[PDB]
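A.B. asks: Quick one: the structure is below, and I'll ask about it shortly.
A quick note on method: Cβ atoms are made from the backbone with ideal geometry, for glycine too, and the neighbour counts reach across all protein chains shown. What is reported rests on the model, the rules as stated and the sources as named; nothing here is a laboratory result.
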Amino acid sequence: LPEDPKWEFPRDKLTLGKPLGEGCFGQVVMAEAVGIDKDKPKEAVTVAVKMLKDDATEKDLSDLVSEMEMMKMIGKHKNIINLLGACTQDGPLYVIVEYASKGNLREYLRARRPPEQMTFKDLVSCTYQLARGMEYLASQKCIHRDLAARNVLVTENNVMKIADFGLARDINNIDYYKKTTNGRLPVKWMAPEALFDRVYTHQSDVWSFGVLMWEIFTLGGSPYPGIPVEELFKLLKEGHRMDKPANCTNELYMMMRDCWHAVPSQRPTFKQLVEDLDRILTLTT
Ligand SMILES: Nc1ncc2c(n1)-c1ccccc1[C@H](c1ccccc1)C2
């Protein structure tokens, strides 16, 4: 792997710890990184390190490289899991990212369901934060393509952070109209044109954000309950959309439905979503 001194972090200053996440598609561990904050050269920072599993394939390696490279191009933002460094030379590839102690959002919400609970303000704030992260991502010309509650992480101070940039691309790096394009996107979060037309734009992410909203307001509900993946797209072509979640206003549901407009250009932009959610959150608070 080519040297990138700006991002390179010393292996001797990194102490690997306990496993994080389910570990299906990569190996992620908690770690202590000494001096990773360059203003505090002697302070250990609790980080997350992504690396290859023992059963990794050649494609796993080139995917992990591409994910790291993608995260290099995305500047710092509070509502995004940011790259902190990498160990690339003379050993196994470690991709060092921000640690979020409270795990993924789906589990986070499911665990605080009533049999401290989420308030309505908590849920709108969560939605607002993610709209902001996605607004920033889109401004960086990045399409995420895998927006979902499982791919949002939450910190100790309850900050929502978009994670998992394995499917993320620069907007110009999509092989348009090729039958393989978007073949690896989870179908239940996926805009119809991503499959039907083999394209992916920022407006495709907007659809997924609608799904994510539904997840949030159902406190980690599973989309399209009782509908198998195999029959979803016929139903979507026929105009099927998910019903309003109980603990969510008509206004917020109308926002979800807007996100699920059949016509991509008729969906809101992330900019507009941020503005509307800002207004709602302000009035709620
Ligand atoms: N609790 C927790 N904090 C941080 C991460 C993960 N889990 C986690 C758990 C499983 C998979 C991924 C991740 C995250 C990730 C994001 C982007 C690149 C590399 C790692 C890092």
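A.B. asks: Could you please find all residues in region 48-63 being within 14 Å of the ligand (Cβ to nearest atom) and either under 16 Å from the mean Cα position of the chain (by Cα) or among the polar types (S, T, N, Q) (or both)?
C.D. replies: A48, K50
A.B. asks: Right, something else. Have a look at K179, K141, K161 and point out the one that is in contact with a strand residue (DSSP E or B) (Cβ under 8 Å, 6 or more places away or on another chain) and more than 13 Å from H77 (Cβ to Cβ).
C.D. replies: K141
A.B. asks: Among (1) farther than 17 Å from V28 by Cβ; (2) surrounded by 15 or more Cβ atoms within 10 Å (Cβ to Cβ), which single condition is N104 missing?
C.D. replies: Status for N104: all satisfied but (1).
A.B. asks: Restricting the search to region 74-104, which residues are more than 19 Å from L137 (Cα to Cα), more than 10 Å from the ligand (Cβ to nearest atom), not in a strand (DSSP E or B) and not small (G, A, S)?
C.D. replies: Matches in region 74-104: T88, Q89, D90, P92, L93.
A.B. asks: Quick check on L123: is it away from the ligand (no atom under 13 Å from the Cβ), among the hydrophobic types (A, V, I, L, M, F, W, C) and assigned to a helix (DSSP H, G or I)?
C.D. replies: When the stated conditions are applied, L123 passes them.
A.B. asks: In region 73-125, how many residues are within 14 Å of the chain's Cα centre (by Cα) and small (G, A, S)?
C.D. replies: 2
A.B. asks: Taking only pairs six or more apart or across chains, which ones have beta-carbon atoms under 7 Å, a first residue in region 248-277 that is within 20 Å of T119 (Cα to Cα), and a second residue that is not in a helix (DSSP H, G or I)?
C.D. replies: From region 248-277, the pairs are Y253/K244.
A.B. asks: Mind counting the residues in region 6-47 that are among the hydrophobic types (A, V, I, L, M, F, W, C), in contact with a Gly (Cβ under 9 Å, 6 or more places away or on another chain) and either within 12 Å of the ligand (Cβ to nearest atom) or not assigned by CATH to the domain that holds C87 (or both)? Quick ask: steps written out before the conclusion?
C.D. replies: The initial filter retains those residues of region 6-47 that are among the hydrophobic types (A, V, I, L, M, F, W, C), namely 7, 9, 14, 16, 20, 24-25, 28-31, 33-34, 36, 44-45, 47.
Still in the list and also in contact with a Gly (Cβ under 9 Å, 6 or more places away or on another chain): 7, 9, 14, 20, 25, 28-31, 33, 36, 44-45, 47.
If we keep only those that are either within 12 Å of the ligand (Cβ to nearest atom) or not assigned by CATH to the domain that holds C87 (or both) as well, we get 20, 25, 28-31, 47.
Result for region 6-47: 7.
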